[PDB]
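The residues of the chain are indexed from 1 along the displayed sequence. Side chains included, hydrogens not; waters and symmetry mates left out as well; all remaining heavy atoms used.
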Amino acid sequence: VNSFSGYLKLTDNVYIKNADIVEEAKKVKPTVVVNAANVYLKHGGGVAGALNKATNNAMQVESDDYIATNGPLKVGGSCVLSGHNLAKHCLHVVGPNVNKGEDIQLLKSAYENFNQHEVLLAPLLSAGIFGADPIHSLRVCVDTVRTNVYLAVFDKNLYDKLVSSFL
Ligand SMILES: CN(CC1(O)CCOCC1)c1ncnc2[nH]ccc12
Ligand SMILES: [Cl-]
């Protein structure tokens, strides 16, 4: 039993809710919140910009030190950093950005990072300003993640389309 509330159950391990991941994280304080990151951990917009703003830019400060030490992430890769005031840990995961011409096949690799954590609060990788089809992203999530994932979908219209079109 966990403290996630109001989710629809899609499969044995995947749950979904129309919610702002920032407000969700601030309520649940999960062990892991997933950020929709880029390789430079520059959290300017989308989910990343929102999560960082909620940390008063502490996420960006930590991230800049991480990059200065380690260099950029790989597309499809991840790193574990602090969750600041939102969660214990933030798993920064880089899904392919279609608007950069990146290979959508790497979305499966991105979701594989979730399997290293027993429970996660997460957005739909490569959706939003990353340009991928969210219905496809949800499909890959369900077919790749085996640990317990709670998906927060910001847009109510999109949330209704993902449920009603889910196979
Ligand atoms: C922008 N996205 C990503 C999508 O959910 C949007 C619709 O398409 C699927 C991915 C966010 N998701 C959850 N919480 C959020 N808080 C602020 C932004 C945000
Ligand atoms: Cl985003």
Enter the distance from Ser78:OG to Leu73:CG here, rounded to the nearest 0.5 Å.
7.0 Å
Evaluate the side chain to side chain contact (heavy atoms under 4.5 Å, CB included) criterion for residues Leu107 and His136: first the C-alpha distance (whole Å), next the side-chain angles of each, then the deciding distance (0.1 Å), finally the verdict.
CA-CA 10 Å; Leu107 186 53; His136 177 64; 4.1 Å; yes
Any side-chain donor near an acceptor of the partner, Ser63 and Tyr40, under 3.5 Å
no
Test item: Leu8 and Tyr159 side chains (from C-beta on) under 4.5 Å apart, heavy atoms:
yes
Joint hydrophobic cluster, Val32 plus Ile16, side-chain heavy atoms closer than 4.5 Å
yes
With sequence neighbours excluded, tell me which residues meet ring pair (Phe, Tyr, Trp, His ring centres under 6.0 Å) with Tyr15.
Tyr150
Quick check for you: to the nearest 0.5 Å, what is the distance between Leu86 atom CG and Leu121 atom CG?
9.5 Å
For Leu124 and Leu162: C-alpha separation, side-chain torsions, deciding distance, then whether side chain to side chain contact (heavy atoms under 4.5 Å, CB included) applies.
CA-CA 11 Å; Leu124 283 171; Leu162 292 165; 3.6 Å; yes
Would you mind reporting whether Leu125 and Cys141 have side-chain heavy atoms less than 4.5 Å apart?
no
Is the backbone N or O of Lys17 less than 3.5 Å from a side-chain atom of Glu24, with the two atoms forming a donor-acceptor pair by type?
no
Step-by-step side chain to side chain contact (heavy atoms under 4.5 Å, CB included) determination, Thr55 to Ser82
CA-CA 10 Å; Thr55 75; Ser82 179; over 6 Å; no
How many angstroms lie between atom NZ of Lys74 and atom CG of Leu106, to the nearest 0.5 angstrom?
11.5 Å
Quick one: does any side-chain atom of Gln60 pair with a main-chain N or O of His43 as donor and acceptor, under 3.5 Å?
yes
Over all heavy atoms of both residues, which pair between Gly95 and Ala110 is shortest? Give the atoms and the distance, please.
CA-CB, 4.0 Å
Taking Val145's backbone N and O only, do any of them form a donor-acceptor pair with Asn13's side chain (distance below 3.5 Å, no angle check)?
yes
Side-chain heavy atoms of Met59 within contact of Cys90, under 4.5 Å:
yes
Looking only at non-hydrogen atoms, find the nearest pair between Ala48 and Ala36 and report the distance.
CB-O, 3.5 Å
Looking at side-chain heavy atoms only, is the closest gap between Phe130 and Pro96 below 4.5 Å?
no
Has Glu23 got more than 12 heavy atoms of other residues, nucleotides or ligands less than 6.0 Å from its CD?
yes
With a sphere of 6.0 Å drawn around CG of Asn56, does it hold more than 12 non-hydrogen atoms of other residues, nucleotides or ligands?
no
Has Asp20 got a side-chain atom pairing as donor or acceptor with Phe154's backbone, closer than 3.5 angstrom?
no
Any side-chain heavy atom of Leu138 within less than 4.5 Å of one from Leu10?
yes
Considering all heavy atoms of both residues, which atom of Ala127 and which atom of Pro134 are nearest to each other, and what is their separation?
CB-CB, 4.2 Å
About how many Å separate CG of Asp133 and OG of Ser126, when rounded to the nearest 0.5 Å?
11.0 Å
Nearest-0.5 Å distance that lies between atom CZ in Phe4 and atom CG in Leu151
10.0 Å
If we ignore hydrogens and angles and just use 3.5 Å, is the side chain of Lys9 paired with the main-chain N or O of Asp12 as donor and acceptor?
yes
Any sub-3.5 Å donor-acceptor pair from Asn70's side-chain atoms to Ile67's backbone N or O?
no
Flag yes if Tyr111 and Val98 sit in one hydrophobic cluster, no otherwise; membership is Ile, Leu, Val, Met, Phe, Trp, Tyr, and two members link when side-chain heavy atoms are under 4.5 Å apart.
yes
Could you give the distance from CZ (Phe166) to OG1 (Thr11), rounded to the nearest 0.5 Å?
6.0 Å
Backbone N or O of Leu41 within a donor-acceptor pair of the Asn38 side chain at under 3.5 Å?
yes
Please say yes or no: joined through hydrophobic side-chain contacts below 4.5 Å, possibly via intermediate residues, are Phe114 and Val75 part of one cluster?
no
Which residue pairs pass the side-chain hydrogen bond (donor to acceptor under 3.5 Å, both in side chains) test with at least one member in residues 91-103, sequence neighbours excluded?
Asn35-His92
When you look at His89 and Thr31, which way does the side chain to side chain contact (heavy atoms under 4.5 Å, CB included) test go after all the steps?
CA-CA 6 Å; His89 306 286; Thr31 302; 4.2 Å; yes
Is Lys108 paired with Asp143 through a side-chain N to carboxylate O contact shorter than 4.0 Å?
no
Are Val80 and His117 packed together at the side-chain level, in the sense that at least one heavy-atom pair is separated by less than 4.5 angstrom?
yes
Any heavy-atom pair between the side chains of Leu167 and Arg139 that's under 4.5 Å?
yes
Taking all heavy atoms of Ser109 and all of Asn113, pick out the closest pair and write down the distance.
O-ND2, 3.3 Å
Would a hydrophobic clustering, with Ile, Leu, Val, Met, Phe, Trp and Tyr connected at side-chain separations under 4.5 Å, put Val93 with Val47?
no
Please answer: with hydrophobic residues joined when any side-chain heavy atoms are less than 4.5 Å apart, are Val34 and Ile21 in the same cluster?
no
Would you check if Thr147 and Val119 make a side-chain contact, meaning some heavy-atom pair closer than 4.5 Å?
no
From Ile135, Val153, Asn18, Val163, residue fulfilling side chain to side chain contact (heavy atoms under 4.5 Å, CB included) relative to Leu158:
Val153
